Every structure is written in structure tokens, then in C-alpha cells.
$ cat final-v5.txt   # compact mmCIF, C-alpha atoms and all ligand atoms
# COMPACT_ATOMS: atom_id res chain seq x y z
CA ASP Y 45 37.39 185.19 23.17
CA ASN Y 46 40.07 183.17 25.03
CA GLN Y 47 38.67 179.66 25.79
CA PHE Y 48 40.41 179.77 29.25
CA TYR Y 49 40.63 181.89 32.38
CA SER Y 50 42.86 181.70 35.44
CA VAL Y 51 41.89 181.74 39.11
CA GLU Y 52 43.82 181.50 42.41
CA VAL Y 53 42.79 178.48 44.49
CA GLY Y 54 44.94 178.47 47.62
CA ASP Y 55 48.61 178.57 46.57
CA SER Y 56 47.83 177.22 43.03
CA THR Y 57 46.80 179.03 39.80
CA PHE Y 58 44.09 177.04 37.96
CA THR Y 59 43.83 177.91 34.23
CA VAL Y 60 40.60 176.26 33.06
CA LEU Y 61 38.05 176.28 30.18
CA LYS Y 62 35.32 178.94 30.81
CA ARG Y 63 32.61 176.18 31.12
CA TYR Y 64 34.11 175.55 34.61
CA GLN Y 65 32.82 178.13 37.12
CA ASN Y 66 33.04 178.88 40.88
CA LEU Y 67 36.25 176.99 41.66
CA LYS Y 68 36.58 175.97 45.33
CA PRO Y 69 39.40 173.86 46.82
CA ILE Y 70 38.53 170.43 48.23
CA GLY Y 71 41.77 170.36 50.32
CA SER Y 72 40.93 166.96 51.95
CA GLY Y 73 40.35 164.29 50.96
CA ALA Y 74 42.41 165.12 47.83
CA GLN Y 75 45.49 164.46 47.09
CA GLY Y 76 47.31 166.73 44.64
CA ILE Y 77 45.63 170.02 43.73
CA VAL Y 78 41.86 169.33 43.30
CA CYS Y 79 38.95 171.84 42.95
CA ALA Y 80 35.16 171.57 43.07
CA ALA Y 81 33.49 173.58 40.25
CA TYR Y 82 30.25 173.98 38.33
CA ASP Y 83 30.35 172.77 34.72
CA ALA Y 84 27.94 175.13 32.86
CA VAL Y 85 27.99 172.88 29.72
CA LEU Y 86 26.92 169.64 31.47
CA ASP Y 87 24.88 171.57 34.13
CA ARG Y 88 26.60 169.47 36.86
CA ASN Y 89 29.22 169.79 39.60
CA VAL Y 90 32.71 168.50 38.82
CA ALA Y 91 36.10 167.92 40.53
CA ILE Y 92 39.15 169.25 38.64
CA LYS Y 93 42.66 168.01 39.30
CA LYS Y 94 45.73 169.86 38.09
CA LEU Y 95 48.94 167.91 37.28
CA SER Y 96 51.71 170.56 37.35
CA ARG Y 97 54.64 169.74 34.84
CA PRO Y 98 53.96 165.95 35.18
CA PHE Y 99 57.00 165.24 32.98
CA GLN Y 100 59.35 167.06 35.48
CA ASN Y 101 60.82 163.74 36.75
CA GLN Y 102 60.56 159.97 35.99
CA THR Y 103 58.20 159.22 38.92
CA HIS Y 104 55.57 161.93 38.16
CA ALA Y 105 55.84 161.14 34.42
CA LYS Y 106 55.37 157.32 34.68
CA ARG Y 107 52.28 157.78 36.91
CA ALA Y 108 50.70 160.64 34.86
CA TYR Y 109 51.16 158.63 31.61
CA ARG Y 110 50.05 155.22 32.98
CA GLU Y 111 46.92 156.76 34.60
CA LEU Y 112 46.00 158.78 31.51
CA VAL Y 113 46.19 155.47 29.40
CA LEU Y 114 44.21 153.38 32.01
CA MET Y 115 41.57 156.10 32.73
CA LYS Y 116 40.75 155.44 29.00
CA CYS Y 117 40.62 151.58 28.84
CA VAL Y 118 38.64 150.95 32.14
CA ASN Y 119 34.83 151.29 32.39
CA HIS Y 120 33.31 150.58 35.84
CA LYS Y 121 30.99 152.37 38.33
CA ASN Y 122 33.55 151.86 41.19
CA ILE Y 123 36.66 153.12 39.22
CA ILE Y 124 37.30 156.76 38.26
CA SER Y 125 36.01 157.72 34.82
CA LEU Y 126 37.10 161.04 33.33
CA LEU Y 127 34.59 163.56 31.92
CA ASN Y 128 37.41 165.73 30.42
CA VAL Y 129 41.23 166.11 29.99
CA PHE Y 130 42.78 169.44 28.83
CA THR Y 131 45.80 171.69 28.84
CA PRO Y 132 45.53 175.48 28.51
CA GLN Y 133 48.81 175.40 26.44
CA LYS Y 134 48.61 175.47 22.60
CA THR Y 135 51.84 173.66 21.61
CA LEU Y 136 54.09 170.82 22.80
CA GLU Y 137 56.89 173.46 23.34
CA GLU Y 138 54.51 175.55 25.53
CA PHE Y 139 53.01 172.43 27.28
CA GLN Y 140 53.11 172.58 31.11
CA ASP Y 141 49.93 171.48 32.88
CA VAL Y 142 47.28 168.73 32.56
CA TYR Y 143 43.77 169.15 34.01
CA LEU Y 144 41.62 166.10 34.70
CA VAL Y 145 37.86 166.43 35.23
CA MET Y 146 35.47 164.04 36.97
CA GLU Y 147 32.09 163.85 38.74
CA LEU Y 148 32.31 165.79 42.09
CA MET Y 149 32.10 163.42 45.07
CA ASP Y 150 31.30 164.30 48.71
CA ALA Y 151 34.08 162.86 50.84
CA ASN Y 152 37.20 160.83 50.66
CA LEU Y 153 37.26 157.37 52.44
CA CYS Y 154 39.49 158.71 55.34
CA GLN Y 155 36.58 160.94 56.50
CA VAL Y 156 34.03 158.05 56.21
CA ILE Y 157 36.40 155.69 58.20
CA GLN Y 158 36.25 158.23 61.13
CA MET Y 159 32.44 157.78 61.36
CA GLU Y 160 30.60 155.18 63.44
CA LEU Y 161 29.04 153.35 60.45
CA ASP Y 162 26.35 150.69 60.56
CA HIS Y 163 26.87 147.19 59.06
CA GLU Y 164 24.72 148.13 55.98
CA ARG Y 165 27.12 151.01 55.14
CA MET Y 166 30.33 149.14 56.10
CA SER Y 167 29.37 146.00 54.03
CA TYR Y 168 28.23 148.21 51.07
CA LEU Y 169 31.50 150.21 50.92
CA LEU Y 170 33.57 146.95 51.13
CA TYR Y 171 31.43 145.23 48.40
CA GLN Y 172 32.08 148.23 46.06
CA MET Y 173 35.83 148.20 46.79
CA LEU Y 174 35.83 144.45 46.00
CA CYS Y 175 33.78 145.17 42.78
CA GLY Y 176 36.18 147.93 41.60
CA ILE Y 177 39.21 145.72 42.44
CA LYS Y 178 37.58 142.78 40.54
CA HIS Y 179 37.20 145.05 37.48
CA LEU Y 180 40.89 146.12 37.56
CA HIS Y 181 42.10 142.49 37.81
CA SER Y 182 39.92 141.45 34.81
CA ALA Y 183 41.66 144.31 32.87
CA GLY Y 184 45.04 142.88 34.05
CA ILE Y 185 45.70 145.66 36.60
CA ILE Y 186 46.89 144.57 40.02
CA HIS Y 187 46.77 147.71 42.23
CA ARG Y 188 49.16 146.89 45.17
CA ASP Y 189 48.75 150.37 46.73
CA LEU Y 190 45.04 150.72 47.53
CA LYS Y 191 44.58 153.24 50.35
CA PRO Y 192 41.68 155.34 51.78
CA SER Y 193 43.02 158.71 50.53
CA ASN Y 194 42.60 157.57 46.85
CA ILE Y 195 39.00 156.42 47.46
CA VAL Y 196 36.04 158.82 47.36
CA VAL Y 197 32.40 158.44 48.28
CA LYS Y 198 29.10 160.20 47.56
CA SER Y 199 26.32 160.92 50.18
CA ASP Y 200 24.31 157.90 48.74
CA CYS Y 201 27.29 155.62 49.76
CA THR Y 202 28.49 155.07 46.12
CA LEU Y 203 32.29 154.55 45.95
CA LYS Y 204 35.16 155.13 43.43
CA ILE Y 205 38.85 154.14 43.31
CA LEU Y 206 40.82 157.10 41.86
CA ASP Y 207 44.19 155.48 41.09
CA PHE Y 208 45.86 152.42 39.56
CA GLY Y 209 48.65 151.77 42.09
CA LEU Y 210 52.29 150.71 41.75
CA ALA Y 211 54.27 150.62 38.52
CA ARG Y 212 55.03 147.19 36.87
CA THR Y 213 58.77 148.05 37.16
CA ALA Y 214 60.46 149.83 40.14
CA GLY Y 215 62.28 150.75 42.47
CA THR Y 216 60.10 153.53 44.07
CA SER Y 217 62.74 156.28 43.37
CA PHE Y 218 63.14 159.29 45.75
CA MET Y 219 60.84 162.37 45.66
CA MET Y 220 62.52 165.77 46.16
CA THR Y 221 59.22 167.35 47.29
CA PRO Y 222 57.72 167.89 50.81
CA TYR Y 223 55.30 164.88 50.69
CA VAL Y 224 55.34 161.36 52.25
CA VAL Y 225 53.89 158.16 50.74
CA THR Y 226 51.27 156.27 52.80
CA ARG Y 227 52.55 152.64 53.10
CA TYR Y 228 50.31 151.31 56.00
CA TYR Y 229 47.86 149.45 53.63
CA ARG Y 230 50.57 147.56 51.66
CA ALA Y 231 50.51 143.74 51.70
CA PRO Y 232 53.42 141.75 53.23
CA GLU Y 233 54.36 140.67 49.69
CA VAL Y 234 54.84 144.40 48.92
CA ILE Y 235 56.61 145.24 52.28
CA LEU Y 236 59.10 142.35 51.79
CA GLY Y 237 59.55 142.50 47.93
CA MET Y 238 58.03 139.04 47.32
CA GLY Y 239 56.08 138.62 44.10
CA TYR Y 240 52.29 138.55 44.06
CA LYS Y 241 48.91 137.61 42.57
CA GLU Y 242 45.46 139.36 42.45
CA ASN Y 243 44.72 138.85 46.20
CA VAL Y 244 47.64 141.27 47.14
CA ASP Y 245 44.81 143.90 47.17
CA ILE Y 246 42.73 141.87 49.67
CA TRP Y 247 45.24 142.76 52.44
CA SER Y 248 44.67 146.49 51.68
CA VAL Y 249 40.84 145.88 51.92
CA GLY Y 250 41.45 144.15 55.29
CA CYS Y 251 43.54 147.12 56.61
CA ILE Y 252 40.75 149.56 55.51
CA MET Y 253 38.02 147.33 57.05
CA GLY Y 254 39.95 146.89 60.34
CA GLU Y 255 40.51 150.69 60.59
CA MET Y 256 36.71 151.32 60.08
CA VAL Y 257 36.14 149.10 63.20
CA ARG Y 258 39.19 150.12 65.34
CA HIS Y 259 39.37 153.84 64.25
CA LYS Y 260 43.21 153.60 64.30
CA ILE Y 261 45.69 152.69 61.54
CA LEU Y 262 46.23 148.89 62.03
CA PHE Y 263 49.90 148.81 60.94
CA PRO Y 264 51.60 152.23 61.49
CA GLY Y 265 55.35 152.99 61.51
CA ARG Y 266 58.16 155.33 60.26
CA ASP Y 267 58.91 152.86 57.43
CA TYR Y 268 58.72 149.07 56.64
CA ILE Y 269 60.83 148.07 59.76
CA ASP Y 270 58.30 149.51 62.29
CA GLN Y 271 55.41 148.50 59.99
CA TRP Y 272 56.43 144.77 59.81
CA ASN Y 273 56.77 144.84 63.67
CA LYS Y 274 53.10 145.96 63.90
CA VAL Y 275 52.05 143.09 61.54
CA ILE Y 276 53.86 140.36 63.50
CA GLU Y 277 52.86 141.69 67.01
CA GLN Y 278 49.15 141.42 66.00
CA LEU Y 279 48.79 138.51 63.54
CA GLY Y 280 51.72 136.44 64.76
CA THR Y 281 55.02 135.30 63.19
CA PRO Y 282 54.14 133.66 59.81
CA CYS Y 283 54.45 129.88 59.13
CA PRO Y 284 57.78 128.32 57.87
CA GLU Y 285 56.13 127.60 54.44
CA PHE Y 286 55.53 131.41 53.80
CA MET Y 287 59.11 132.22 54.81
CA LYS Y 288 60.48 129.60 52.32
CA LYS Y 289 59.03 132.00 49.65
CA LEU Y 290 61.11 135.08 50.71
CA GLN Y 291 64.41 136.35 49.09
CA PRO Y 292 67.50 135.04 51.10
CA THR Y 293 68.40 138.40 52.78
CA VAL Y 294 64.72 139.26 53.55
CA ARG Y 295 64.20 135.65 54.78
CA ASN Y 296 67.14 136.07 57.25
CA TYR Y 297 65.83 139.42 58.69
CA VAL Y 298 62.24 138.08 59.08
CA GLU Y 299 63.19 134.71 60.71
CA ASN Y 300 65.59 136.55 63.10
CA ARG Y 301 62.83 138.89 64.39
CA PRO Y 302 61.47 137.90 67.90
CA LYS Y 303 58.56 135.39 67.75
CA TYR Y 304 54.95 136.44 68.52
CA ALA Y 305 51.94 134.08 68.80
CA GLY Y 306 49.62 136.79 67.52
CA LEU Y 307 46.41 137.98 69.18
CA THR Y 308 43.13 136.20 68.23
CA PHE Y 309 40.66 138.07 65.99
CA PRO Y 310 38.08 138.55 68.89
CA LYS Y 311 40.98 140.18 70.80
CA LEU Y 312 42.07 142.29 67.80
CA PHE Y 313 38.43 143.36 67.17
CA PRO Y 314 36.28 142.99 70.37
CA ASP Y 315 32.42 143.00 70.44
CA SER Y 316 32.57 146.46 72.10
CA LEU Y 317 33.76 147.97 68.73
CA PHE Y 318 30.54 146.63 67.12
CA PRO Y 319 26.81 147.35 67.81
CA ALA Y 320 25.47 144.68 70.28
CA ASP Y 321 21.90 146.03 70.44
CA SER Y 322 20.14 143.14 68.51
CA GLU Y 323 20.48 139.53 67.25
CA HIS Y 324 20.84 140.95 63.67
CA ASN Y 325 23.89 142.93 64.84
CA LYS Y 326 25.38 140.06 66.92
CA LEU Y 327 25.46 137.90 63.72
CA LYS Y 328 26.79 140.82 61.57
CA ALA Y 329 29.64 141.44 64.10
CA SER Y 330 30.70 137.71 63.99
CA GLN Y 331 30.42 137.74 60.11
CA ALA Y 332 32.57 140.95 59.93
CA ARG Y 333 35.19 139.41 62.30
CA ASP Y 334 35.24 136.18 60.15
CA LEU Y 335 35.89 138.18 56.95
CA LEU Y 336 38.67 140.22 58.71
CA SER Y 337 40.38 136.93 59.73
CA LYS Y 338 40.28 135.75 56.07
CA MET Y 339 41.57 139.11 54.74
CA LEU Y 340 44.32 140.00 57.26
CA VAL Y 341 46.37 136.82 56.46
CA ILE Y 342 50.19 137.22 56.15
CA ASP Y 343 50.64 134.31 53.63
CA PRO Y 344 48.88 135.16 50.29
CA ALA Y 345 48.44 131.37 49.53
CA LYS Y 346 46.08 131.18 52.62
CA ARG Y 347 44.50 134.65 52.08
CA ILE Y 348 40.90 134.96 50.69
CA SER Y 349 40.48 135.80 46.92
CA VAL Y 350 38.39 138.74 45.53
CA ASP Y 351 35.68 136.26 44.25
CA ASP Y 352 35.46 134.40 47.61
CA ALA Y 353 35.39 137.73 49.49
CA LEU Y 354 32.41 138.78 47.32
CA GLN Y 355 30.55 135.55 48.14
CA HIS Y 356 31.31 135.91 51.91
CA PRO Y 357 28.05 136.22 54.01
CA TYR Y 358 29.01 139.73 55.25
CA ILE Y 359 29.33 140.90 51.56
CA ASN Y 360 27.08 138.77 49.21
CA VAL Y 361 23.91 140.60 50.47
CA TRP Y 362 24.82 143.39 47.92
CA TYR Y 363 25.05 141.09 44.82
CA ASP Y 364 22.62 142.45 42.13
CA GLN Y 379 50.69 146.65 27.67
CA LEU Y 380 52.68 149.98 27.51
CA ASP Y 381 55.01 151.81 28.65
CA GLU Y 382 57.09 151.78 31.91
CA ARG Y 383 60.65 152.01 30.41
CA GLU Y 384 63.22 154.76 31.26
CA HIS Y 385 62.58 158.03 29.37
CA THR Y 386 64.04 161.57 29.50
CA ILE Y 387 62.00 164.78 30.37
CA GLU Y 388 61.44 165.59 26.66
CA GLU Y 389 60.25 162.07 25.74
CA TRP Y 390 57.75 161.89 28.65
CA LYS Y 391 56.50 165.44 27.85
CA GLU Y 392 55.60 164.37 24.25
CA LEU Y 393 54.11 160.97 25.25
CA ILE Y 394 51.90 162.70 27.88
CA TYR Y 395 51.04 165.60 25.45
CA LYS Y 396 49.77 163.32 22.65
CA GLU Y 397 47.60 161.35 25.17
CA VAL Y 398 46.14 164.73 26.34
CA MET Y 399 45.47 165.48 22.59
CA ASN Y 400 44.30 161.84 21.75
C1 LIG V 501 28.02 168.81 46.70
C2 LIG V 501 29.41 169.17 47.05
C3 LIG V 501 30.39 168.18 47.19
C4 LIG V 501 31.68 168.56 47.56
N1 LIG V 501 32.72 167.59 47.64
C5 LIG V 501 33.86 167.61 48.54
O1 LIG V 501 34.02 168.51 49.36
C6 LIG V 501 34.88 166.54 48.42
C7 LIG V 501 35.58 166.03 49.53
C8 LIG V 501 36.56 165.06 49.33
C9 LIG V 501 36.83 164.57 48.05
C10 LIG V 501 36.15 165.10 46.94
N2 LIG V 501 36.42 164.68 45.69
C11 LIG V 501 37.66 164.46 45.19
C12 LIG V 501 37.52 163.95 43.92
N3 LIG V 501 38.52 163.76 43.02
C13 LIG V 501 39.90 163.69 43.32
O2 LIG V 501 40.26 163.65 44.47
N4 LIG V 501 40.90 163.59 42.32
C14 LIG V 501 40.64 163.71 40.92
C15 LIG V 501 39.87 164.82 40.45
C16 LIG V 501 39.61 164.99 39.09
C17 LIG V 501 40.13 164.07 38.17
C18 LIG V 501 40.92 163.01 38.63
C19 LIG V 501 41.15 162.80 40.01
CL1 LIG V 501 42.15 161.46 40.53
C20 LIG V 501 36.16 163.98 43.62
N5 LIG V 501 35.50 164.41 44.72
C21 LIG V 501 35.17 166.07 47.14
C22 LIG V 501 31.97 169.93 47.69
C23 LIG V 501 30.96 170.88 47.52
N6 LIG V 501 29.71 170.47 47.21
$ encode --input "final-v5.txt" --output "C-alpha cells"
Amino acid sequence: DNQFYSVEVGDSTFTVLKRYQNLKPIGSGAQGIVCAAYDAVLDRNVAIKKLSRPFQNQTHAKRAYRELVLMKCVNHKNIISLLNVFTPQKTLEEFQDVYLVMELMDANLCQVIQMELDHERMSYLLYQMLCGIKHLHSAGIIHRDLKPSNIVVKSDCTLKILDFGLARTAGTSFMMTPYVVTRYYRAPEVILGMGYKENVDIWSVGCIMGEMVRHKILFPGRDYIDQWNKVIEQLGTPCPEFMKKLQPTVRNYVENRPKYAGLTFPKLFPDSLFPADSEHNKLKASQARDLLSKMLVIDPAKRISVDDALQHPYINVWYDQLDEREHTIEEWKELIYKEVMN
């Protein structure tokens, strides 16, 4: 009689439409609170994400709203597409939770990165990331925060980007919740507050690709201080022309850091990290190292574009505005509610 039922999945209560059966937590890789379930109507397995009081603060509200709007005007095989959106609450006054429903995947990209993958698999995952990223840019979305934990994969190696990245406006306001933001995949133009173009996302692809090879986060650190140190110790101090594009205060800090020549790409990614069993693999290792050297480039003006990355020999084998202004709790609640109601 009631269209919904509630079930305990870990520490969270999931109140879902009765079509969704056998809820099981994914736990990792995901994210917020995400369940696997059987959709009896579509006779297919789904993933269900619960957004708990998304209007509770400015940060959760901006992201919930922006992603609800974009998950509607984006249509691509390598970008999340929603099967359903619902709230168990009947009125705006009663409104609390948003549930998002998508195709159930098999792993997040962090798990895949931990595997010893062949060149076929590595090049195929990278091509899809580049394809999804190309789609976003054509829609006028520049991600800026692409990271493995918001990327999921199926057993057949098909890939999907689950989020839309950083807000147009800022400045990444505090989060009074026990969770940390992963910043290791952010481009120098993001680390140093610089201004950017489409290829800001190429750096993130390079960090993901390097980690697949190395099996260690390329640029770790407590925050941006430590992180920038990791970037300059490995790639070398950037050229004077890149530094003439930084804000005065940021420029001062960067130029006053000790100088590093930077390790060469064969030293940053030796042959021993790649299969050396055949001629086919010897060429694929040199092609992968060449693409890494074009992607992990501090200056964006000298960094490879999405289109040129797609045409790169390691990759091309696979070729076949509203509303970020300040709002109160009540305003965000209504804006989110009407998008949930469409
Ligand atoms: C055949 C099979 C596969 C299983 N899959 C996993 O265990 C697994 C592991 C890791 C990840 C995933 N995954 C995570 C997502 N979605 C989201 O993370 N978020 C999200 C969700 C809904 C709407 C919107 C968003 Cl953003 C999708 N699949 C599944 C489990 C059991 N059986």
C-alpha cells in the first residue's frame, strides 16, 4: 500500500521504492552512502545513492543541485546517467533525503589501479576517461577534480565518471564532518589558484595513469604545501614563463622554493614497472612513457590537449548556465526539491 519501505544498511536507513530489493552496501569504492540492489521493474541490478539533507549547508547544497541539473543535460557512455531520482517524503516541508539510481558497476577505479593491468586494459581505461572528459568539455563543463574514487568500472572494462568536479565560484568552504577531500590529482593551476582551460583535466589523467604504473600516489601530502613539494621534486622547478602567470603572493612562494632539476621520465617510470616480455610490449612501454611525459607537464600551455591525447599512439588504437550564487537552507531545499520533482 505504501510505495516505500525502509531497511538498515550499515549505519544508514535507506527508505526506497518497493521495486528496489535486496539492498547490500558497496562500502568501497563509493563515496557517500551507496547500495547495490535488484530493480524488479527493470529486471536489472542497480546502485542507489542516498543524499542525506543535501540542503543542510552551502557546500552539500551547491553540489547536490549542480549534479542533479548536469546529470540531466549530459548524455555519454563514459559519464554517469541516472535511471531514477526520488524522495520518500511527500511535501517540501517534509523533504529530507534524495535517492539517486544508476546501473550497478563492479569496482571503483582505486581497486583497478591496484591490479597489474596489461597495456590493452590500461590504454582502454585511459581512452574512455579521455572520451568522457571530451564530452564534458563540449557541454562546457571543466571538471578540475577528476579522481579515481569517483570513477567506476564494469568487468568488461567499460568506465564511467560519476561527478562534475569543482564549482564555478569558490572558495572550498570548511566541512564540519569527519571526511577529508582527496587533492592529489589536482592540476598545478588548481593547487596554485591560477586560472585554467580544458586541459586542466589532462594532469588528473596523468596522475591516474602514473599511479596505475607506479602503484603509489604520485603527489601525496598533508595539504598543497607538501603536495607542491612532491610535484617539483619529480618534474622539476617550472620555467620562468609559467611563473610569470602566477598571482604575486603565489609567485613569490613558488620562486623561493629550492630548485630541482626534476627526474627524467624513464627514471620516474622505469622499464621494470612495465611488461618486457615481447617487442609488442617494449613499444607499448615507450608509448605509455611518452604519453605520461606529455600529460604530467606543470605549465598548461605546454601540456597535451584532450584531442591530441586521443590521437596519441598509445590511445588512438581504441578509436571507433545556473546557479552557484549564495542561498540560505530554505532556498536550496526548494531548488533541490523541484529538481527532484522535475
Ligand atoms: C554484479 C555485482 C556488482 C557489484 N558491484 C560492486 O560491488 C561495486 C563496487 C564499487 C563501486 C560500485 N558502484 C558504485 C556505483 N555508484 C556510485 O558509487 N555512486 C552513485 C550511485 C547511484 C547514483 C549516483 C551515484 Cl554518483 C555504481 N557501482 C559497485 C556488487 C554485487 N554484484
$ atom_distance --input "final-v5.txt" --atom1 "CA of residue 209 in chain Y" --atom2 "CA of residue 354 in chain Y"
21.4 Å
$ residues_near_ligand --input "final-v5.txt" --ligand "ligand LIG 501 (chain V)" --cutoff "7 Å" --atoms "all atoms listed in the file" --output "JSON, numbers by chain"
{"Y": [70, 72, 73, 74, 75, 78, 80, 91, 92, 93, 126, 144, 145, 146, 147, 148, 149, 150, 151, 152, 194, 196, 206, 207]}
$ closest_residue --input "final-v5.txt" --among "Y:125, Y:191, Y:84, Y:381" --to "residue 211 in chain Y" --atoms "only C-alpha atoms"
Y:381
$ atom_distance --input "final-v5.txt" --atom1 "CA of residue 212 in chain Y" --atom2 "CA of residue 255 in chain Y"
28.0 Å
$ closest_residue --input "final-v5.txt" --among "Y:98, Y:284, Y:69, Y:292" --to "residue 390 in chain Y" --atoms "all atoms listed in the file"
Y:98
$ closest_atom_pairs --input "final-v5.txt" --of "range 296-364 of chain Y" --to "range 174-180 of chain Y" --cutoff "8 Å" --atoms "all atoms listed in the file" --output "tab-separated table"
residue	atom	partner	partner_atom	distance
Y:350	CA	Y:174	CA	6.3
Y:351	CA	Y:178	CA	7.7
Y:353	CA	Y:174	CA	7.6
Y:354	CA	Y:174	CA	6.8
$ write_last_selection --input "final-v5.txt" --atoms "C-alpha atoms" --output "PDB file, in the frame of the given file"
ATOM      1  CA  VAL Y 350      38.390 138.740  45.530  1.00  0.00           C
ATOM      2  CA  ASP Y 351      35.680 136.260  44.250  1.00  0.00           C
ATOM      3  CA  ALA Y 353      35.390 137.730  49.490  1.00  0.00           C
ATOM      4  CA  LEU Y 354      32.410 138.780  47.320  1.00  0.00           C
TER       5      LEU Y 354
END
$ closest_residue --input "final-v5.txt" --among "Y:79, Y:203, Y:345, Y:129" --to "residue 395 in chain Y" --atoms "all atoms listed in the file"
Y:129
$ residues_around --input "final-v5.txt" --residues "residue 164 in chain Y" --least-positions-apart "4" --cutoff "12 Å" --atoms "only C-alpha atoms" --output "list in words"
residues 160, 168, 169, 170, 171, 201, 324, 325, 328, 329, 332, 358, 359, 360, 361 and 362 of chain Y
$ atom_distance --input "final-v5.txt" --atom1 "CA of residue 224 in chain Y" --atom2 "CA of residue 278 in chain Y"
25.0 Å
$ closest_residue --input "final-v5.txt" --among "Y:106, Y:127, Y:274, Y:334" --to "residue 394 in chain Y" --atoms "all atoms listed in the file"
Y:106
$ closest_residue --input "final-v5.txt" --among "Y:232, Y:254, Y:76, Y:192" --to "residue 318 in chain Y" --atoms "only C-alpha atoms"
Y:254
$ closest_residue --input "final-v5.txt" --among "Y:290, Y:119, Y:163, Y:385" --to "residue 327 in chain Y" --atoms "all atoms listed in the file"
Y:163
$ residues_around --input "final-v5.txt" --residues "residue 346 in chain Y" --least-positions-apart "4" --cutoff "12 Å" --atoms "all atoms listed in the file" --output "PyMOL selection string"
chain Y and resi 243-244+246-247+282-283+285-286+337-342
$ residues_around --input "final-v5.txt" --residues "residue 248 in chain Y" --least-positions-apart "4" --cutoff "8 Å" --atoms "only C-alpha atoms" --output "count of residues only"
9
$ residues_around --input "final-v5.txt" --residues "residue 267 in chain Y" --least-positions-apart "3" --cutoff "12 Å" --atoms "all atoms listed in the file" --output "VMD selection string"
chain Y and resid 224 to 228 230 235 to 236 263 to 264 270 to 274
